[PDB]
């Protein structure tokens, strides 16, 4: 069952954008259909979404701009391992 994570440093959180990470085996084709399925399910519920990027190479999944309202729904999508809210990094 998939879990949700966001930065423990509150000022460093960037809500409204989420990294959806799929299970290791997940193939690029499946990643893309999962993202399309989210947009569609999101649309039926009145929510605009934007798929900003689909990951292939290290980590299967995608980057989606959406309301956090949609996280329960997104966590029930097929192949989902976990979802992480984007956050800031800084030059050291």
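Positions refer to the first chain, counted from 1.
Peer 1: Please say which third, lowest, middle or highest, residue 72 falls into when its CA temperature factor is compared across its chain.
Peer 2: Highest third - that is where residue 72 ends up once the chain's C-alpha B-factors are sorted.
Peer 1: Taking the chain's C-alpha temperature factors as the reference, tell me which third residue 1 falls into: lowest, middle or highest.
Peer 2: Within its chain, residue 1 is a highest-third residue by C-alpha B-factor, going by the deposited values.
Peer 1: Taking the entry's C-alpha B-factors for this chain, is residue 60 in the lowest, middle or highest third?
Peer 2: Middle third - that is where residue 60 ends up once the chain's C-alpha B-factors are sorted.
Peer 1: How does residue 51 rank on Cα B-factor within its chain, lowest, middle or highest third?
Peer 2: It falls in the middle third of the chain.
Peer 1: Can you work out whether the C-alpha temperature factor of residue 28 puts it in the lowest, middle or highest third of the chain?
Peer 2: Lowest third - that is where residue 28 ends up once the chain's C-alpha B-factors are sorted.
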